[PDB]
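From first to last, the protein sequence lines stand for chains A, B, C, D, E and F.
If you use full-length UniProt numbering, the first sequence corresponds to residues 24 to 78, 89 to 393, in order.
If you use full-length UniProt numbering, the second sequence corresponds to residues 24 to 78, 89 to 393, in order.
If you use full-length UniProt numbering, the third sequence corresponds to residues 121 to 191, 198 to 397, in order.
To convert, note that position 138 of the fourth sequence is 295 in full-length UniProt numbering; the numbers rise steadily by one, no gaps.
If you use full-length UniProt numbering, the fifth sequence corresponds to residues 1 to 171, 175 to 197, in order.
If you use full-length UniProt numbering, the sixth sequence corresponds to residues 1 to 171, 175 to 197, in order.
In this text, a Cβ means the ideal position worked out from N, Cα and C, and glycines have one as well.
For reference, the structure is listed below as structure tokens.
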Amino acid sequence: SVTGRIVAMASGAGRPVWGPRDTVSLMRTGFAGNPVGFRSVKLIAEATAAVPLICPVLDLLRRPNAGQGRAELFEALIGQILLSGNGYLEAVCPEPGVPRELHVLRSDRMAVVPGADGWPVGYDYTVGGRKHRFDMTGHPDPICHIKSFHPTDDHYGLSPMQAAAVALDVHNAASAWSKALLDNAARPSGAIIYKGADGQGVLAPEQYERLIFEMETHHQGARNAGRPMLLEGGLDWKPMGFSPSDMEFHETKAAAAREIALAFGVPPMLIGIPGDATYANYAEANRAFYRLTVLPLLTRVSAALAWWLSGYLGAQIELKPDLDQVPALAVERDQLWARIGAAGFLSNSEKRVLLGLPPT
Amino acid sequence: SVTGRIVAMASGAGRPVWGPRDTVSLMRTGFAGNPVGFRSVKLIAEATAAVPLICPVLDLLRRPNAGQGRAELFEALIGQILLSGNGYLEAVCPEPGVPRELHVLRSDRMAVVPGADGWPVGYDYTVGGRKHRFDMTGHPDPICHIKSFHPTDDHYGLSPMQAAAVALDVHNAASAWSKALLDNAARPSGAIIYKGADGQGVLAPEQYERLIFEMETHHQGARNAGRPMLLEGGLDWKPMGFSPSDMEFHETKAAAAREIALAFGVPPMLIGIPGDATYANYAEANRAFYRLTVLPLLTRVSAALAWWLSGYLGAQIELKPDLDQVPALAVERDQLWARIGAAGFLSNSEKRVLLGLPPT
Amino acid sequence: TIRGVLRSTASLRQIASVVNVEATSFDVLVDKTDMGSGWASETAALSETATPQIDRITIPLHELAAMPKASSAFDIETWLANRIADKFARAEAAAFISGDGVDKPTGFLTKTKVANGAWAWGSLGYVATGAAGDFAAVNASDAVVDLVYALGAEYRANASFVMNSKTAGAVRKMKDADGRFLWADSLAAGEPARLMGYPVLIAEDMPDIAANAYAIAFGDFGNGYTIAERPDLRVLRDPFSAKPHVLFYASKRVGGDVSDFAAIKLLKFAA
Amino acid sequence: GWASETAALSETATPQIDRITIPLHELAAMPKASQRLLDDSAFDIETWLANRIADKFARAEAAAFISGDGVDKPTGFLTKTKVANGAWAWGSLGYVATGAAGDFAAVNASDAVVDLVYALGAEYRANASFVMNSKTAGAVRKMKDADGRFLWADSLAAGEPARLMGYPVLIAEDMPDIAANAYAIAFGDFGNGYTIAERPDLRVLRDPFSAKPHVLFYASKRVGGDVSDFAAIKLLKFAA
Amino acid sequence: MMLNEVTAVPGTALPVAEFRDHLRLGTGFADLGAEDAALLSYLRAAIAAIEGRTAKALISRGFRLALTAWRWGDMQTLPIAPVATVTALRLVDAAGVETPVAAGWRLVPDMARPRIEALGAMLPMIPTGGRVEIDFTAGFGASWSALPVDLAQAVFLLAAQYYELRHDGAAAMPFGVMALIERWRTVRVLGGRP
Amino acid sequence: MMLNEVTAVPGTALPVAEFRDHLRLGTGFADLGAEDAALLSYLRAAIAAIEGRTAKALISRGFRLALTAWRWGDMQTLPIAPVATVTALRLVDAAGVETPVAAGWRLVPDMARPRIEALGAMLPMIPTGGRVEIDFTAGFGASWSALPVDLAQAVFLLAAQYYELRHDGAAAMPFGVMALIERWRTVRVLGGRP
């Protein structure tokens with residue numbers, strides 16, 4: 024408010040503020056690059072789309098636009114929040130109330146404008162060199178801007194991939210270590226050293242094709258494994274080894290494959306990375322997933338759709354996750370129905386009102 | 024208060040007191056830098072926002098301002114307390130009672146003024162060279178200042194990240210050790226040593242392109258793994274190794290990743306770090322998390338909102354966490370309902386008054 | 121927090137007409153003369169009395185650029207952004223006052239001044255003080271007051287003085303025959319900020335008192351001087367060209383000259 | 158630079174970054190008190206010596222903040238390589254001359270003040286102040302007009318208006334008085350123009366083990382100071 | 001990076017009259033008979049053996065360092081170590097327009113790592129194809145007397161050796180040729196990307 | 001950090017008449033001066049060998065230490081070890097103006113660490129793009145008699161060697180050349196950042 028008016032004129036009013044430089048490069052190296060960063064976002068964005076909502090307005094959410102369904106919208110929406118900390122939703126309003134179009138604008142090509150009083154007046158969709166300049170100097174405010182929490186910045190989110198940006202580059206390069214080691218490596222299974230009478234001496238190409246053909250036919254392969262291999266004077270066979278055989282950055286990749294899953298908040302058991310057994314039997318780790326990183330994330334976006342879309346309506350609407358018939362929370366529902374169902378002292382209608390039932 | 028006047032003069036009345044300089048750099052190096060410091064604050068700040076409250090005043094808290102919801106407010110509020118030990122809340126009052134705007138002022142750019150009697154008279158929001166000088170020489174006192182406990186300082190909090198500031202720099206640099214090891218390392222899978230007749234001798238570019246083409250085609254790669262590799266006079270193949278292969282500061286990183294989680298108070302099971310099984314089965318570790326580092330933090334902040342916001346009202350209001358229908362405390366709720374529900378000796382209304390029910 | 125030298129901020133931006141323009145130039149359209157209508161005769165031809173010849177003055181909308189190379199205690203991105211915005215706020219202030227034609231806005235001092243009383247359209251009017259070194263010795267401030275009252279009553283509704291610091295110094299140094307400080311009488315007053323009922327703008331790019339220098343201006347710059355500009359500031363956070371130095375690219379484009387030659391009057395310190 | 162269209166603009170000068178060091182010297186007092194004198198007397202001697210040490214340090218470092226040299230003690234602004242204003246550079250502080258060599262100028266007193274106020278520069282005058290000693294403010298109030306009345310606080314009653322030319326006055330008795338070339342009046346934004354670094358405690362300690370019949374108190378505080386911004390302090394030279 | 005010398009030594013700058021005295025003065029056969037211009041041909045062979053092992057220059061000849069891409073962002077260590085005064089940093093393009101620069105860089109002299117070290121972070125970029133080219137004068141002094149005398153003795157210990165025995169014949176001194184050179188060699192421990 | 005010499009040794013300060021007594025040339029001949037041109041050519045070649053192995057100076061000629069950035073925040077250890085009375089830390093500017101500065105810098109004499117530590121916790125700052133040359137006269141004494149005699153003997157053990165064998169011809176003493184030098188070398192164990 025009053026502090027915001029002072030903050031604007033420091034950065035510059037009326038001019039675009041970009042924020043993160045590398046957020047276009049963390050997507051290609053951290054979401055199209057490694058499977059752990061890929062699966063972690065896909066595990067969350069496909070979970071928030073599956074959660075039902077509680078309110089008309091949801092008829093817009095069920096069918097926002099052509100080719101982009103209800104579940105496909107939140108996968109695009111949360112998939113921008115996990116990737117770049119910012120969610121955007123353009124609304125096209127031919128009609129005054131409940132605009133019949135929603136569009137997830139990607140956050141690579143969007144930039145904020147601080148405006149006069151510090152709270153934003155412009156958003157700039159910049160593809161190529163071409164802009165749009167959406168306007169926020171009105172009441173309906175055609176873009177909801179969902180921020181992840183950022184303590185240092187005043188206009189953007191923190192994007193958990195930015196917090197895991199070291200552990201992505203460890204996991205990307207340790208996995209590419211073993212790829213290029215299997216592709217650039219010369220191990221021999223031995224070496225036939227031929228010194229000669231001198232310290233140095235080549236063998237003639239007559240003798241050399243004799244040496245290949247007795248090696249090609251009689252010594253290499255599975256079927257020639259272990260021939261006794263007569264060595265006359267001058268010749269000698271030094272068998273080479275391969276001293277680091279397995280495990281090239283095997284644990285530092287597996288520790289970095291856990292820190293990527295740590296930052297987005299998925300448990301190691303759901304994604305499938307190896308590691309020590311923290312959670313027990315998937316009734317917990319799936320319940321932990323829909324309680325520490327999905328439903329807090331989904332109740333924060335739905336609280337912004339409940340306020341941005343109510344600016345198009347007259348009456349304000351609440352919009353919250355269901356927190357009921359979501360089958361990962363069944364262990365919190367067994368535990369609460371068997372507690373009150375076994376409490377026989379209080380009567381029948383006195384516990385339908387506790388469990389959420391329509392009373393009789 | 025009688026001793027308040029003595030400490031005020033030493034610091035210097037009417038002049039801003041800053042405290043810790045490097046506070047803004049612990050945010051970029053310890054909260055935007057590593058996932059463990061990132062996840063630990065995000066795990067707490069999204070937990071304290073989810074806890075309901077018990078009182089009018091909560092109508093302000095439900096909708097504090099534009100674009101910053103109820104749950105989004107406490108993430109900004111607690112997210113400053115865990116980061117820099119201080120929470121700030123500006124209230125804008127167009128109306129005389131219950132001011133309809135709340136704004137979390139970030140604690141990097143806020144500074145205290147000791148004033149006359151030691152208790153503060155000014156707060157300074159300092160962006161760029163621009164100050165504001167909020168005034169505390171009045172009755173409504175427009176900013177609540179939530180302190181974490183600091184024994185040595187008289188004006189700020191301690192910010193648990195400061196207590197873990199060594200263990201952050203271990204975890205930041207051990208993770209960057211393995212990154213720059215995967216980026217600065219020359220391991221060869223061998224070396225074809227060519228001495229010659231002399232102790233030194235190069236091979237001609239005719240011979241050198243011959244040596245590449247028999248190495249490029251016939252010896253490198255996965256498909257040429259183990260060719261018998263004839264070495265004539267002068268040539269010799271010394272295979273190199275890579276003697277520390279895995280585990281470059283692997284346990285000191287995994288020990289520092291637990292001491293970061295120790296300072297913020299999250300259990301190791303919730304955040305996802307590997308380690309020995311301390312808690313058992315997530316009915317404990319989630320209940321321990323909402324009892325040692327969330328609900329004590331939330332009942333301390335809500336006790337400051339219960340007193341600062343009651344200064345705008347006439348009657349004082351209490352405001353505490355619910356400690357009921359918070360689904361991490363169900364093992365403390367089964368245990369207390371089945372204790373009194375099985376006590377069949379005392380009658381029906383005598384245990385509705387114990388479990389908290391309205392008697393019938 | 122890294123400190124810097126605190127430079128002057130007052131820039132003639134807040135008293136001139138700031139017009140957001142998007143094209144390459146801004147064309148203001150001013151008629152040069154009057155209708156010339158006469159009192160008609162009862163038996164006369166009475167035709168084609170006259171027509172105001174219009175004139176387009178072009179604001180070229182030049183660009184301003186500063187290109188520093190960047191080459198964790200303080201963070202350069204915010205600090206250099208808070209220095210280069212100050213330099214773009216201060217370097218355009220010199221162009222608004224004494225800029226010339228080439229690649230930069232032409233300031234109001236560089237517009238071929240003509241002594242008032244022989245004032246034509248293509249110039250700015252001035253009033254002389256007296257002796258060439260300073261204010262007149264016999265009656266100081268007579269040059270100031272007839273500078274005020276030689277302008278025009280329509281523009282003096284909202285007009286302001288434009289000086290630098292050490293010309294307002296020489297104004298406050300004026301004293302009566304007892305030495306009692308005509309402007310802000312005591313040594314306890316301060317800057318009264320309402321010279322002759324009009325505000326004062328301390329713009330440091332004005333010249334100081336010299337042999338012929340125009341150190342004091344007065345005018346309704348809302349009609350007089352038109353600043354046409356684009357509000358944004360370009361931010362090329364460049365990660366190329368030099369690995370060693372970031373070499374940020376920041377540019378704002380801005381133009382402006384006088385739109386109305388009657389609004390601004392100058393004080394020539396000569397005879 | 159104003160960038161042309163056919164220019165292919167060159168890179169400009171990155172501003173030089175200065176780094177000025179506060180040395181942070183020590184200041185200690187070691188009074189020697191007798192054990193019998195501390196045990197017999199009715200007065201709280203350990204409290205009274207603390208009061209006199211805390212009175213002495215805040216005045217010794219006050220003189221250090223103004224006229225102390227660089228080595229061994231915090232350097233004051235008046236010791237630094239000053240130059241006439243107009244010939245100002247960063248490695249100096251600016252002065253203006255008053256006229257006569259003895260005192261203020263005879264024909265126009267306070268005219269040496271009103272040009273220094275407007276020679277300081279408009280941005281640092283947002284929160285600036287004057288610094289003098291007592292008998293310079295006496296001579297400032299003794300500036301009269303042609304009639305005999307006072308320029309500053311005209312009535313002979315109701316003195317010390319705490320407001321000189323719109324800016325406050327700090328009577329700091331550690332400045333030189335009016336002399337042949339001395340700089341009695343200083344002006345500017347000292348909050349940006351002078352940085353004080355210090356360890357903010359008066360640690361005091363008894364140890365009878367050094368001098369055994371005595372107690373031999375020892376109190377110490379360390380303060381360092383120099384100028385932060387050279388463009389924020391101007392001075393009056395009473396020479397030319 | 002060709003780094004050809006612009007001009008060689010004049011030959012009259014070399015201490016041929018002094019090297020005859022290091023060969024046989026105060027003890028010897030007599031002045032004896034030595035092909036004078038032969039003795040100049042062994043000093044140029046001993047200096048060029050110590051100019052290569054030390055990467056010094058010793059006579060202050062003129063150089064021309066024409067290289068395509070800048071290695072660092074701004075640093076550009078010069079190889080021939082004792083430098084003074086870049087003659088010009090002219091910049092030719094792919095066609096040969098040869099547009100010199102006169103500011104933007106400040107040579108930081110040093111016997112260890114002479115640099116170019118431009119102002120800020122911007123060092124003159126290279127026209128695509130148009131190699132940059134740096135002319136400088138590197139060495140101790142114009143005459144033989146301006147040298148460090150221990151390095152001058154390493155020339156005389158070496159040029160006399162090429163005079164005393166012609167073919168590569170076999171023959175552990177405390178300060179030999181090698182021990183006088185080692186405090187002028189370049190001590191580098193980088194094999195890395197920067 | 002360039003560290004050149006302002007003035008060389010005079011040559012008349014070198015003990016050529018005593019080095020001739022060392023080398024057993026001859027006592028009462030009428031010539032007596034056929035070697036004077038070469039004997040001081042080997043004394044300057046043996047002092048400059050021991051000035052580099054010990055980082056000492058031995059004749060107290062004047063130096064000029066032209067450097068740009070300070071090695072540590074306040075200390076600035078000087079290379080040539082036995083110093084006395086640093087004359088001038090004149091601070092040149094980016095180009096031209098040379099302003100000598102008293103500047104509140106001290107001098108800590110030592111044979112091992114000849115520091116120039118500053119008293120105001122920060123040495124005088126350096127104009128970006130400009131050097132800070134320091135004139136100082138470093139050495140044991142003015143004449144040859146003011147030297148430590150064992151180091152003076154190590155010149156005579158070494159310059160006699162250059163006089164007796166001209167080229168690098170190989171040829175165990177208790178206190179040889181090397182064992183006299185070693186209590187004057189600089190013993191350092193830091194390869195670190197500070």
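Quick one: Cα of residue i to Cα of residue j, how far?
i, j, result
"A:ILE77", "A:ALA376", "30 Å"
"E:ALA30", "E:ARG20", "11 Å"
"D:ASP311", "C:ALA217", "43 Å"
"B:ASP269", "A:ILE245", "19 Å"
"C:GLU168", "C:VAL150", "21 Å"
"C:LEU184", "C:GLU330", "20 Å"
"A:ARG62", "A:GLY100", "24 Å"
"A:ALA31", "A:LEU303", "44 Å"
"B:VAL235", "B:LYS271", "18 Å"
"F:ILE126", "C:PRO188", "20 Å"
"C:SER377", "C:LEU359", "6 Å"
What does the Cβ neighbour count give for residue i, buried or exposed, with the cut at 16 atoms within 10 Å?
i, result
"F:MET111", "exposed"
"C:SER198", "exposed"
"B:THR170", "exposed"
"A:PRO329", "buried"
"D:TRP247", "exposed"
"F:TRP72", "exposed"
"E:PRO79", "exposed"
"D:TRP309", "buried"
For residue i, which residues in chain C fall below 8 Å Cβ to Cβ?
i, result
"B:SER48", "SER198, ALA199"
For residue i, return the contacting residues in chain C, with the cut-off set at a CB-CB distance below 7 Å.
i, result
"E:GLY73", "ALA368, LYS369, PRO370, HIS371"
Can you pull the chain C residues whose beta carbon is under 9 Å from the beta carbon of residue i, in chain order?
i, result
"D:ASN349", "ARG123, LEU126"
Which residues in chain F have a C-beta closer than 7 Å to the C-beta of residue i? List them in chain order.
i, result
"D:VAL228", "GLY104, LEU119, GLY120"
Under 8 Å (Cβ pairs) to chain F, residues found in the region 166-181 of chain D: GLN173, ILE174, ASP175, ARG176, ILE177, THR178, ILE179, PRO180, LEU181
When you check each C-beta in the region 115-136 of chain E against every C-beta of chain C, which residues fall closer than 7 Å? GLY120, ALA121, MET122, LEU123, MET125
What residues in the region 35-63 of chain E bring their beta carbon closer than 9 Å to a beta carbon of chain F? none
Complete alpha helix (DSSP H) runs within the region 256-305 of chain C (minimum length 4 residues, chain order): 268-274, 291-298
Kindly provide the ranges of any beta strand (DSSP E) runs that are 3 or more residues long and lie completely inside the region 36-90 of chain F, ordered along the chain. 62-67, 83-88
Under 8 Å, CB to CB, which of the residues in the region 143-161 of chain B have a partner in chain A? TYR158, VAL160, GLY161
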